[PDB]
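Here the structure comes first, spelled out in structure tokens, and everything after it is commentary.
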Amino acid sequence: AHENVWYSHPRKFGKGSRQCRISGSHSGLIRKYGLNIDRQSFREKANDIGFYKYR
Amino acid sequence: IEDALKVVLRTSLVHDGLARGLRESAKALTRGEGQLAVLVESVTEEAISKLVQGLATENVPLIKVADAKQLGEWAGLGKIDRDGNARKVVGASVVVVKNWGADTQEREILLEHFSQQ
Amino acid sequence: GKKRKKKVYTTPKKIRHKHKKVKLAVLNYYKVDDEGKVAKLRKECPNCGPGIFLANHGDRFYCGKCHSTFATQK
Amino acid sequence: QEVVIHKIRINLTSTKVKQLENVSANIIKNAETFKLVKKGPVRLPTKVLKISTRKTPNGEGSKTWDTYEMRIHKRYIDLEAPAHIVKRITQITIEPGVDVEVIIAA
Amino acid sequence: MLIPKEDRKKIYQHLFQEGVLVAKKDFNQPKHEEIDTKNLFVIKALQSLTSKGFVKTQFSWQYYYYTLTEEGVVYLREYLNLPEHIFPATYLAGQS
Amino acid sequence: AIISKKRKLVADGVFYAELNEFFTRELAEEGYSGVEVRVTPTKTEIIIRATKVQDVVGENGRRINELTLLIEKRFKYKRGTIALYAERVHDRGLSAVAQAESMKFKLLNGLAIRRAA
Ligand SMILES: [Zn+2]
């Protein structure tokens, strides 16, 4: 819980820098256009964001 | 009698004024914080009250009374399961009020009567 | 499948430091001189304001407010 | 008393077409009933935005992929008209979904 | 929890200021927004009040949502010793 | 702001997803069906099409306040930019979402699965 050791490592880039904003999962994120959502929840809600299957 | 000391206790509980204990009361008294001090005469050691009085004279006034455990009871120590003595036991050696708070119905009377003469 | 064995420590034990309680450490801070003038022991901090006594320890006044900033050799 | 020319430019962004087209036609009608020299609702090439994604949640199974698309359409209109009349035109007749952005370009 | 007294006092008074508060689930965050404190003890105190039965808590998209009930308002007012007549912003009847 | 229109529309979509799922979370016991966002030059209107519109309103109309305040603090929008509008469903039968919620509530109470469905 000490300030200088807990969470001390920088997190500018890498897997743990950006989270799912849905479940927070580190795995398979759509950073493109600022979605930052994993492919799972994207598949779940794509019709709701506006992503539709067209071709 | 002494029905205004509980009032100042409550109003400085509202504004975080009770520097309860000995070191808290001491740090309130040495700084420009100690306003009304209560040191219990009925102490077995019979030394801490002398030290508190000496520091108070140096924030001068004192209202000592007696019966420390009762002071712990009606100072507001513990948890209010019932409004009275819901805490198992507790004892407050010295209670110093730091902020005057809201109500001063009889507070100025009692201090000037006891120590200010 | 994951089946971990019971943990084995190559270390006897390290328990939380129970902080050293002092019986009436307040009295060591002050000394009344025959129902009158009161004297402070150790030292005092000019930064925080009068009242905060400075620890003696090993030739380095260790205040309570400026724990990091004030360890003054004397 | 404002009569100065502003060459103001309005642009539209939305995923759906028909309501966008109604907005454009309504803007054109509102401008022509005010007798404003203009340029038609010129249409930029449609911008299609697609994600390619595995249908599988776990990674097992036959390789199956899918593309998810939006089609945003940007049509803009420029008016060689004063400000206040254009301001009352553009501040009214707005329906949900269509995003309307204005630049004075003065 | 290990919470400073002024910290809990001001988080509670701000909660009474609005009546609703967010605390994103991101831990180790230095300063929570519009409260100037670390979000850790904010979440901890709010869930403690929820457990005591004074705050309604919801989880959504790694976001925490806290709302005040009637007894929660009463107890928070008693904590701040605010006068009875004044009410949080949630009670400020802004009609549609 | 100066953000590309494509990313602005993407943010709009994710905002819509967040809002709809959040209203699924909250107003499930209130028969939430749908949420509609309409961006006007000054305000942004939110409409909650739901079966139990009176329950959504709350006492003194406070719920629609606090929920809106939730949004106001969640997405850093300044005060008075988000306004809540509660509306009755057009016809709760044809709204399959409401039917699913009613089925869920009937099942949670432990009813006849066959008869409920
Ligand atoms: Zn110091």
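Just remember, in the structure tokens the first chain shown is A, the second B, etc., residues are 1-based per chain, and ligands are 1-based in the order shown.
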*Give me the residues within 8 Å of region 20-37 of chain E as a ChimeraX atom specification, counting only C-alpha atoms and dropping any in the same chain fewer than 3 places off.*
/A:7 /E:7,11,14-15,40,42-43,62-68,90 /F:66,69-70,73-74
*What do you get as a PyMOL selection string if you pick all residues at most 9 Å from ligand 1, counting only C-alpha atoms and all ligand atoms?*
chain C and resi 44-49+52-54+62-70
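For the choices F:82, F:2, F:11, F:48, the atom-to-atom distance to chain A is smallest for F:11 when using only C-alpha atoms.
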*Could you give me, as an MDAnalysis selection string, the residues within 6 Å of region 88-105 of chain D, counting only C-alpha atoms and dropping anything in the same chain fewer than 2 positions from it?*
(chainID D and resid 8:14 85:86) or (chainID F and resid 38)
For region 91-95 of chain F, work out the shell of residues within 12 Å, counting only C-alpha atoms and skipping chain neighbours fewer than 3 positions away, then give it as a compact mmCIF listing (two decimals) with N, CA, C and O atoms, in the first residue's frame.
```
# COMPACT_ATOMS: atom_id res chain seq x y z
N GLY F 31 -39.90 -1.77 -15.97
CA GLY F 31 -40.37 -2.08 -17.30
C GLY F 31 -39.77 -1.22 -18.40
O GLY F 31 -40.48 -0.76 -19.29
N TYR F 32 -38.46 -0.99 -18.32
CA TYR F 32 -37.78 -0.24 -19.37
C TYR F 32 -37.83 -0.99 -20.69
O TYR F 32 -37.63 -2.21 -20.74
N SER F 33 -38.10 -0.26 -21.77
CA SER F 33 -38.12 -0.84 -23.11
C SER F 33 -37.07 -0.22 -24.02
O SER F 33 -36.28 -0.95 -24.64
N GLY F 34 -37.03 1.10 -24.14
CA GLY F 34 -36.11 1.72 -25.07
C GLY F 34 -35.72 3.12 -24.65
O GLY F 34 -36.43 3.78 -23.89
N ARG F 49 -38.83 5.25 -23.27
CA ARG F 49 -40.05 4.51 -23.55
C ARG F 49 -40.10 3.30 -22.64
O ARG F 49 -39.26 2.39 -22.75
N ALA F 50 -41.08 3.27 -21.73
CA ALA F 50 -41.17 2.21 -20.75
C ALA F 50 -42.62 2.01 -20.34
O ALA F 50 -43.45 2.91 -20.47
N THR F 51 -42.91 0.80 -19.85
CA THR F 51 -44.27 0.46 -19.47
C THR F 51 -44.70 1.21 -18.21
O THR F 51 -45.78 1.82 -18.17
N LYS F 52 -43.86 1.19 -17.17
CA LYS F 52 -44.21 1.80 -15.89
C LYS F 52 -43.62 3.21 -15.82
O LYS F 52 -42.69 3.50 -15.07
N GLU F 87 -41.98 8.29 -21.09
CA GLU F 87 -43.11 8.13 -22.00
C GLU F 87 -43.63 6.70 -21.93
O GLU F 87 -42.88 5.75 -21.71
N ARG F 88 -44.94 6.56 -22.13
CA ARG F 88 -45.57 5.25 -22.12
C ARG F 88 -45.28 4.51 -23.43
O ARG F 88 -45.14 5.12 -24.49
N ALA F 98 -40.14 -5.73 -23.60
CA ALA F 98 -41.00 -5.72 -22.42
C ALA F 98 -41.53 -7.12 -22.12
O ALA F 98 -41.63 -7.51 -20.95
N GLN F 99 -41.87 -7.87 -23.16
CA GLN F 99 -42.32 -9.25 -22.95
C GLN F 99 -41.22 -10.08 -22.30
O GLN F 99 -41.49 -10.87 -21.39
N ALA F 100 -39.98 -9.91 -22.76
CA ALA F 100 -38.87 -10.65 -22.18
C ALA F 100 -38.66 -10.27 -20.72
O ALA F 100 -38.39 -11.13 -19.87
N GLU F 101 -38.77 -8.98 -20.41
CA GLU F 101 -38.60 -8.56 -19.02
C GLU F 101 -39.71 -9.13 -18.14
O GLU F 101 -39.44 -9.59 -17.02
N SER F 102 -40.95 -9.12 -18.62
CA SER F 102 -42.05 -9.69 -17.85
C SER F 102 -41.85 -11.18 -17.64
O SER F 102 -42.10 -11.70 -16.55
```
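You will find CA of residue 37 (chain B) at 6.8 Å from CA of residue 61 (chain B).
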_Excluding residue 17 (chain F) and its own-chain neighbours fewer than 3 positions away, which residues fall within 7 Å of it when counting only C-alpha atoms? Please give them as a PyMOL selection string._
(chain A and resi 48-49) or (chain F and resi 13-14+20-21)
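Note that the spacing between CA of residue 81 (chain D) and CA of residue 42 (chain F) amounts to 23.9 Å.
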List the neighbours of region 20-30 of chain A out to 10 Å using only C-alpha atoms; skip same-chain residues closer than 6 positions along the sequence, and give me the result as a tab-separated table (two decimals) with C-alpha atoms, in the first residue's frame.
```
chain	number	residue	atom	x	y	z
A	14	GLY	CA	0.83	-2.17	-23.57
A	36	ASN	CA	-11.46	0.12	-26.95
A	37	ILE	CA	-13.99	-2.73	-26.58
A	38	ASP	CA	-13.10	-6.40	-26.82
A	39	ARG	CA	-14.25	-8.36	-29.86
A	40	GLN	CA	-16.70	-10.29	-27.67
A	41	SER	CA	-18.81	-7.39	-26.39
A	42	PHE	CA	-18.46	-5.79	-29.80
D	51	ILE	CA	-14.62	-3.83	-38.64
D	53	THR	CA	-14.01	-9.67	-36.52
E	25	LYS	CA	-13.97	0.98	-10.87
E	26	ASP	CA	-10.38	1.86	-11.80
E	60	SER	CA	-22.60	-0.81	-15.16
E	61	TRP	CA	-19.76	-0.90	-17.71
E	62	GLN	CA	-17.10	-0.75	-14.98
E	63	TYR	CA	-18.88	2.32	-13.61
F	18	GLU	CA	-23.87	2.65	-22.74
```
*Can you pull out every residue within 9 Å of region 26-38 of chain C, counting only C-alpha atoms, but drop anything in the same chain fewer than 3 positions away, and send it as a VMD selection string?*
(chain B and resid 22 to 23 26 47 to 48 50 to 55 57 to 58) or (chain C and resid 23 41 to 42 53)
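Here CA of residue 58 (chain E) is placed at a distance of 26.7 Å from CA of residue 39 (chain F).
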Please determine the contact residues of chain F with respect to chain E at a cut-off of 12 Å, counting only C-alpha atoms, and supply them as a short mmCIF file (atom, residue, chain, number, x, y, z; two decimals) with C-alpha atoms, in the first residue's frame.
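Okay, this is what ended up in out_3.cif:
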```cif
data_model
loop_
_atom_site.label_atom_id
_atom_site.label_comp_id
_atom_site.auth_asym_id
_atom_site.auth_seq_id
_atom_site.Cartn_x
_atom_site.Cartn_y
_atom_site.Cartn_z
CA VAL F 14 -20.90 3.91 -27.89
CA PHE F 15 -22.75 6.54 -25.85
CA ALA F 17 -24.94 1.57 -26.23
CA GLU F 18 -23.87 2.65 -22.74
CA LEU F 19 -27.14 4.48 -22.18
CA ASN F 20 -29.37 1.64 -23.39
CA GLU F 21 -27.54 -0.98 -21.32
CA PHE F 22 -27.57 1.31 -18.29
CA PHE F 23 -31.32 1.76 -18.58
CA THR F 24 -31.62 -2.01 -18.89
CA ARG F 25 -29.66 -2.24 -15.63
CA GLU F 26 -31.63 0.38 -13.71
CA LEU F 27 -35.21 0.44 -14.96
CA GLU F 45 -33.10 15.08 -25.09
CA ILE F 46 -33.32 11.58 -23.62
CA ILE F 47 -36.61 9.67 -23.86
CA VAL F 57 -40.96 9.39 -12.83
CA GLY F 58 -40.67 8.71 -9.10
CA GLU F 59 -42.01 10.69 -6.18
CA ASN F 60 -42.14 14.45 -6.81
CA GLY F 61 -40.50 13.63 -10.14
CA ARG F 62 -37.22 13.14 -8.27
CA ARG F 63 -36.11 9.88 -9.92
CA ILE F 64 -35.97 11.39 -13.42
CA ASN F 65 -33.93 14.11 -11.74
CA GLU F 66 -31.39 11.88 -9.99
CA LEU F 67 -31.01 9.55 -12.97
CA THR F 68 -30.41 12.57 -15.18
CA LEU F 69 -27.96 13.90 -12.62
CA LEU F 70 -26.27 10.51 -12.85
CA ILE F 71 -25.81 11.08 -16.58
CA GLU F 72 -24.75 14.66 -15.93
CA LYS F 73 -21.95 13.48 -13.66
CA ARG F 74 -21.10 10.32 -15.60
CA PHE F 75 -20.28 11.89 -18.97
CA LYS F 76 -19.00 15.31 -17.75
CA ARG F 79 -25.89 21.07 -15.80
CA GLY F 80 -29.02 21.57 -17.88
CA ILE F 82 -29.41 16.58 -20.43
CA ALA F 83 -33.18 16.43 -19.91
CA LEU F 84 -35.14 13.25 -19.19
CA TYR F 85 -38.51 12.48 -20.78
CA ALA F 86 -40.52 9.48 -19.57
CA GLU F 87 -43.11 8.13 -22.00
#
```
*Residues of chain F within 9 Å of chain D, counting only C-alpha atoms, as a PyMOL selection string*: chain F and resi 5-6+9+36-41
*Report as an NGL selection string: the residues of region 2-102 of chain D with a DSSP assignment of strand (DSSP E), based on the backbone of this structure.*
:D and (8-14 or 38-43 or 47-54 or 65-79 or 99-102)
*Considering only C-alpha atoms, extract the chain A residues located within 7 Å of chain D and return them as a ChimeraX atom specification.*
/A:39-40,50-54
_Should the cut-off be 10 Å, what would the residue list for chain E against chain B look like, counting only C-alpha atoms, as a VMD selection string?_
chain E and resid 5 to 6 78 to 82
Serialized selection, N, CA and C atoms, as a JSON list (two decimals), in the first residue's frame:
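Full text of part27.json as output:
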```json
[["chain", "number", "residue", "atom", "x", "y", "z"],
["E", 5, "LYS", "N", -10.45, 11.49, 8.35],
["E", 5, "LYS", "CA", -11.74, 11.98, 8.83],
["E", 5, "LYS", "C", -12.26, 13.12, 7.96],
["E", 6, "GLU", "N", -11.40, 14.08, 7.63],
["E", 6, "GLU", "CA", -11.82, 15.16, 6.76],
["E", 6, "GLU", "C", -12.17, 14.64, 5.38],
["E", 78, "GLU", "N", -27.84, 14.33, 9.40],
["E", 78, "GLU", "CA", -27.43, 14.25, 10.80],
["E", 78, "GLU", "C", -25.91, 14.25, 10.92],
["E", 79, "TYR", "N", -25.23, 13.54, 10.01],
["E", 79, "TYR", "CA", -23.77, 13.52, 10.03],
["E", 79, "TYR", "C", -23.19, 14.91, 9.83],
["E", 80, "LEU", "N", -23.72, 15.65, 8.85],
["E", 80, "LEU", "CA", -23.25, 17.00, 8.62],
["E", 80, "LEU", "C", -23.88, 17.99, 9.59],
["E", 81, "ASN", "N", -24.92, 17.57, 10.31],
["E", 81, "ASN", "CA", -25.71, 18.44, 11.17],
["E", 81, "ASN", "C", -26.32, 19.59, 10.38],
["E", 82, "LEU", "N", -26.68, 19.31, 9.14],
["E", 82, "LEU", "CA", -27.34, 20.29, 8.29],
["E", 82, "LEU", "C", -28.78, 20.48, 8.75]]
```
*Give the alpha helix (DSSP H) residues of chain F, as DSSP finds them on the backbone, and put them as a ChimeraX atom specification.*
/F:5-26,53-57,63-74,96-108,113-116
